[PDB]
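Structure file protein-v9.cif (mmCIF, C-alpha atoms) follows.
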data_final
#
loop_
_atom_site.label_atom_id
_atom_site.label_comp_id
_atom_site.auth_asym_id
_atom_site.auth_seq_id
_atom_site.Cartn_x
_atom_site.Cartn_y
_atom_site.Cartn_z
CA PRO A 806 0.00 0.00 0.00
CA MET A 807 1.15 3.51 -0.88
CA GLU A 808 -2.02 5.67 -0.87
CA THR A 809 -2.34 7.71 2.31
CA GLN A 810 -5.55 9.41 3.42
CA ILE A 811 -8.01 10.96 0.96
CA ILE A 812 -10.41 13.82 0.86
CA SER A 813 -10.74 14.78 4.55
CA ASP A 814 -12.17 14.18 7.99
CA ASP A 815 -13.86 17.60 7.87
CA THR A 816 -15.75 16.96 4.63
CA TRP A 817 -17.21 13.91 6.36
CA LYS A 818 -18.26 16.29 9.14
CA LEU A 819 -19.95 18.54 6.56
CA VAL A 820 -21.80 15.67 4.88
CA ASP A 821 -22.87 14.39 8.33
CA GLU A 822 -24.09 17.93 9.03
CA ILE A 823 -26.20 18.15 5.87
CA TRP A 824 -27.52 14.63 6.49
CA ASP A 825 -28.61 15.66 9.99
CA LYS A 826 -30.14 18.94 8.75
CA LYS A 827 -32.21 17.11 6.14
CA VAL A 828 -33.24 14.42 8.66
CA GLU A 829 -34.31 17.08 11.18
CA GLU A 830 -36.13 19.06 8.48
CA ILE A 831 -38.05 15.93 7.47
CA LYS A 832 -38.80 15.19 11.14
CA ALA A 833 -40.13 18.71 11.69
CA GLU A 834 -42.06 18.68 8.40
CA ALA A 835 -43.80 15.38 9.21
CA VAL A 836 -45.64 16.41 12.40
CA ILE A 837 -46.23 20.19 12.30
CA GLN A 838 -47.24 20.50 8.65
CA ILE A 839 -51.04 20.64 8.96
CA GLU A 840 -52.68 23.10 11.37
CA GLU A 841 -55.43 25.48 10.26
CA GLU A 842 -57.44 27.97 12.30
CA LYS A 843 -59.49 29.87 9.64
CA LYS A 844 -59.17 31.71 6.33
CA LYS A 845 -61.73 34.51 6.55
CA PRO A 846 -62.01 37.16 3.81
CA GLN A 847 -60.41 40.48 4.75
CA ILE A 848 -62.96 42.74 3.08
CA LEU A 849 -63.11 45.33 5.92
CA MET A 850 -59.62 46.69 5.19
CA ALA A 851 -59.95 49.83 7.30
CA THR A 852 -56.27 50.87 7.15
CA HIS A 853 -56.95 52.09 3.60
CA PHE A 854 -59.87 54.29 4.74
CA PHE A 855 -60.68 54.17 8.47
CA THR B 133 -101.46 31.29 15.47
CA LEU B 134 -104.73 30.56 13.65
CA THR B 135 -106.89 32.62 16.01
CA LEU B 136 -104.35 35.41 15.64
CA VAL B 137 -104.56 35.24 11.83
CA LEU B 138 -108.27 34.86 11.02
CA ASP B 139 -109.33 37.40 13.67
CA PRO B 140 -110.25 40.57 11.71
CA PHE B 141 -109.42 42.77 14.71
CA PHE B 142 -105.80 41.59 14.80
CA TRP B 143 -105.90 42.34 11.08
CA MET B 144 -107.11 45.83 11.96
CA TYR B 145 -104.34 46.32 14.53
CA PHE B 146 -101.46 44.47 12.84
CA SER B 147 -102.05 46.23 9.53
CA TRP B 148 -102.19 49.39 11.67
CA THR B 149 -98.36 49.16 11.68
CA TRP B 150 -97.81 49.18 7.88
CA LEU B 151 -97.54 52.99 7.95
CA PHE B 152 -94.04 52.48 9.35
CA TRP B 153 -92.91 49.75 6.97
CA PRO B 154 -90.02 52.15 6.13
CA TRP B 155 -88.97 52.01 9.81
CA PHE B 156 -89.22 48.22 10.18
CA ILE B 157 -86.23 47.72 7.88
CA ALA B 158 -83.93 50.65 8.72
CA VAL B 159 -83.68 49.62 12.38
CA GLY B 160 -84.03 45.84 12.04
CA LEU B 161 -80.98 45.80 9.77
CA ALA B 162 -78.94 47.63 12.42
CA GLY B 163 -79.17 44.64 14.75
CA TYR B 164 -77.85 42.43 11.96
CA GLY B 165 -75.06 44.94 11.36
CA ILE B 166 -73.94 45.05 14.99
CA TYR B 167 -74.23 41.25 15.32
CA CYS B 168 -72.03 40.80 12.26
CA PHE B 169 -69.64 43.41 13.68
CA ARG B 170 -69.27 41.35 16.85
CA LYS B 171 -68.85 38.16 14.80
CA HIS B 172 -66.09 39.82 12.75
CA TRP B 173 -64.49 41.07 15.97
CA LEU B 174 -64.30 37.44 17.08
CA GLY B 175 -62.90 36.46 13.66
CA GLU B 176 -65.58 34.47 11.75
CA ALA B 177 -67.01 36.88 9.18
CA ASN B 178 -67.95 35.95 5.63
CA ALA B 179 -67.84 38.58 2.89
CA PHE B 180 -71.58 39.28 3.12
CA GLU B 181 -71.40 40.10 6.84
CA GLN B 182 -68.53 42.59 6.44
CA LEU B 183 -70.31 44.13 3.46
CA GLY B 184 -73.29 44.43 5.81
CA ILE B 185 -71.08 46.08 8.43
CA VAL B 186 -69.93 48.85 6.10
CA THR B 187 -73.47 49.03 4.71
CA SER B 188 -74.84 49.48 8.24
CA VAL B 189 -72.38 52.29 8.95
CA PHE B 190 -72.90 54.01 5.60
CA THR B 191 -76.69 53.75 5.38
CA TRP B 192 -77.17 54.64 9.05
CA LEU B 193 -74.96 57.66 8.28
CA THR B 194 -76.56 59.03 5.10
CA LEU B 195 -80.24 58.09 4.80
CA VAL B 196 -81.61 57.83 8.36
CA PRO B 197 -81.20 61.48 9.60
CA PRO B 198 -83.00 63.32 6.75
CA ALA B 199 -85.69 60.63 6.74
CA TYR B 200 -86.06 61.33 10.46
CA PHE B 201 -86.18 65.13 10.09
CA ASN B 202 -88.45 65.63 7.04
CA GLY B 203 -90.32 62.34 6.65
CA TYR B 204 -89.75 62.21 2.88
CA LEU B 205 -86.58 61.13 1.09
CA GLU B 206 -86.32 62.19 -2.55
CA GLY B 207 -83.16 63.24 -4.38
CA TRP B 208 -79.60 63.86 -3.13
CA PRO B 209 -79.60 61.49 -0.06
CA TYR B 210 -80.30 58.56 -2.40
CA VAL B 211 -77.46 59.39 -4.79
CA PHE B 212 -75.03 60.02 -1.94
CA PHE B 213 -75.99 56.69 -0.40
CA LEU B 214 -75.02 55.23 -3.78
CA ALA B 215 -71.87 57.37 -3.97
CA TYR B 216 -70.56 56.36 -0.54
CA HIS B 217 -70.75 52.64 -1.39
CA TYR B 218 -69.28 53.33 -4.82
CA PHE B 219 -66.45 55.12 -2.96
CA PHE B 220 -65.59 52.49 -0.38
CA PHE B 221 -65.61 49.60 -2.89
CA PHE B 222 -62.35 50.85 -4.40
CA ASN B 223 -59.74 49.15 -2.24
CA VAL B 224 -61.50 45.87 -3.06
CA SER B 225 -61.07 46.15 -6.86
CA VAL B 226 -57.44 47.32 -6.74
CA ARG B 227 -56.51 44.71 -4.10
CA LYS B 228 -58.26 41.99 -6.15
CA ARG B 229 -57.05 42.83 -9.68
CA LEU B 230 -53.34 42.72 -8.81
CA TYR B 231 -53.79 39.84 -6.36
CA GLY B 232 -55.14 36.31 -6.00
CA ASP B 233 -57.96 37.00 -3.54
CA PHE B 234 -58.92 39.08 -0.48
CA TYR B 235 -57.00 36.94 2.03
CA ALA B 236 -54.57 38.73 4.33
CA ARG B 237 -50.93 37.90 3.64
CA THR B 238 -47.88 37.61 5.89
CA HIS B 239 -45.83 40.74 6.65
CA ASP B 240 -43.87 42.44 9.43
CA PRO B 241 -45.93 43.64 12.42
CA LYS B 242 -44.32 47.10 12.53
CA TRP B 243 -45.37 48.12 9.00
CA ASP B 244 -49.06 48.86 9.63
CA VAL B 245 -49.60 51.99 11.74
CA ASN B 246 -51.99 51.55 14.65
CA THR B 247 -53.74 54.34 16.56
CA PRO B 248 -55.43 54.29 20.01
CA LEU B 249 -58.93 52.82 20.02
CA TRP B 250 -60.55 55.72 21.89
CA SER B 251 -59.52 58.06 19.06
CA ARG B 252 -61.01 55.69 16.46
CA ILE B 253 -64.33 55.58 18.32
CA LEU B 254 -64.16 59.36 18.73
CA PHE B 255 -63.66 59.72 14.97
CA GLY B 256 -66.68 57.53 14.25
CA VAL B 257 -68.86 59.34 16.79
CA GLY B 258 -67.78 62.74 15.47
CA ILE B 259 -68.60 61.63 11.93
CA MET B 260 -72.08 60.61 13.13
CA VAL B 261 -72.50 63.88 15.02
CA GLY B 262 -71.55 65.92 11.99
CA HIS B 263 -73.84 63.96 9.68
CA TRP B 264 -76.87 64.30 11.97
#

Take the structure in the file and write it out as structure tokens.
Amino acid sequence: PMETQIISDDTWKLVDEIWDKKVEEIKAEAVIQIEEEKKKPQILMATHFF
Amino acid sequence: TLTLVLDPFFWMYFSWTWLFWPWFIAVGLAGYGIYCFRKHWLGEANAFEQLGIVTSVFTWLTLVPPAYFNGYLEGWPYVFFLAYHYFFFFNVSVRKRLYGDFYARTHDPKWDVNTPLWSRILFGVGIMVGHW
């Protein structure tokens, strides 16, 4: 053998980071995605007139 | 109900109130207006109810006082009742043409200027006082 180490140990840290960010984003997206209170028409826009 | 209806004397006394059929509507609609105002204050108002809120304000402004003072409405109060509604329905068209719909969007809280509520009520009451 003659080949020493290759790309890095820090690039593995970066790819672990992006893996964890995507996993956490999926985890957050799965459970807090749907919540609805109301969508009422805003047809008394008083800040234009009153 | 039947002895109320087919009694001619209740027909003499209940048709005795048709002289104020103009005053049945102009006050009965005010209760609907204030009820819809409270419902919108809670946050559950359809488009018709908010239209009825501005209609209640605008009609109760323009048409009621001269009808109260002279007993006959003919001419300028009618056309200014039309003109006021034609005036206020102008943010709706501009904010619908260059938009998807009338739904409030997301923005920063500091952008819209607020003003103390007592002054707003004072403005409305002064507008009423000046119109009467």

Q.
With all atoms listed in the file considered, list every residue of chain A at most 12 Å from chain B, as a PyMOL selection string.
A. chain A and resi 842-855

Q: Record the distance separating atom CA of residue B:213 and atom CA of residue B:184, expressed in Å with one decimal.
A: 14.0 Å

Q: Output the residue selection produced by the PyMOL selection byres ((chain B and resi 191-207) around 8) on the file above, formatted as number ranges by chain.
A: B: 158, 162, 187-190, 208-213, 260, 263-264

Q | Gap from atom CA of residue B:249 to atom CA of residue B:159 - Å, one decimal | A | 26.1 Å

Output stretch 812-827 of chain A as a short mmCIF file (atom, residue, chain, number, x, y, z; two decimals), in the coordinates of the input, making sure N, CA, C and O atoms are there.
data_model
loop_
_atom_site.label_atom_id
_atom_site.label_comp_id
_atom_site.auth_asym_id
_atom_site.auth_seq_id
_atom_site.Cartn_x
_atom_site.Cartn_y
_atom_site.Cartn_z
N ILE A 812 -9.99 12.42 0.92
CA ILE A 812 -10.41 13.82 0.86
C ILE A 812 -10.24 14.59 2.17
O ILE A 812 -9.51 15.58 2.20
N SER A 813 -10.86 14.11 3.25
CA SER A 813 -10.74 14.78 4.55
C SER A 813 -11.40 13.99 5.67
O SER A 813 -12.01 12.95 5.44
N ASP A 814 -11.27 14.51 6.89
CA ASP A 814 -12.17 14.18 7.99
C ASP A 814 -13.17 15.29 8.26
O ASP A 814 -14.15 15.07 8.99
N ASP A 815 -12.95 16.48 7.69
CA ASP A 815 -13.86 17.60 7.87
C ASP A 815 -14.97 17.59 6.83
O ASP A 815 -16.10 18.02 7.13
N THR A 816 -14.68 17.12 5.62
CA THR A 816 -15.75 16.96 4.63
C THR A 816 -16.74 15.89 5.06
O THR A 816 -17.94 16.01 4.77
N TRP A 817 -16.27 14.85 5.76
CA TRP A 817 -17.21 13.91 6.36
C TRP A 817 -18.05 14.58 7.44
O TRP A 817 -19.23 14.25 7.58
N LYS A 818 -17.47 15.52 8.18
CA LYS A 818 -18.26 16.29 9.14
C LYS A 818 -19.32 17.12 8.43
O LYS A 818 -20.46 17.20 8.90
N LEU A 819 -18.98 17.74 7.29
CA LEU A 819 -19.95 18.54 6.56
C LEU A 819 -21.08 17.68 5.98
O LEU A 819 -22.25 18.08 6.01
N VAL A 820 -20.74 16.51 5.43
CA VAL A 820 -21.80 15.67 4.88
C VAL A 820 -22.66 15.06 6.00
O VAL A 820 -23.87 14.91 5.84
N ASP A 821 -22.07 14.77 7.17
CA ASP A 821 -22.87 14.39 8.33
C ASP A 821 -23.79 15.53 8.75
O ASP A 821 -24.94 15.30 9.12
N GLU A 822 -23.28 16.76 8.69
CA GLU A 822 -24.09 17.93 9.03
C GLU A 822 -25.30 18.05 8.11
O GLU A 822 -26.42 18.23 8.58
N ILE A 823 -25.08 17.96 6.80
CA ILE A 823 -26.20 18.15 5.87
C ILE A 823 -27.17 16.98 5.96
O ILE A 823 -28.39 17.15 5.83
N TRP A 824 -26.65 15.78 6.24
CA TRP A 824 -27.52 14.63 6.49
C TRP A 824 -28.42 14.88 7.69
O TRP A 824 -29.63 14.65 7.64
N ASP A 825 -27.83 15.40 8.78
CA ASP A 825 -28.61 15.66 9.99
C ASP A 825 -29.60 16.81 9.78
O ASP A 825 -30.71 16.76 10.31
N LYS A 826 -29.21 17.84 9.03
CA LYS A 826 -30.14 18.94 8.75
C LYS A 826 -31.34 18.46 7.94
O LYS A 826 -32.48 18.82 8.23
N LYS A 827 -31.09 17.63 6.92
CA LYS A 827 -32.21 17.11 6.14
C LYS A 827 -33.08 16.16 6.96
O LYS A 827 -34.31 16.18 6.83
#
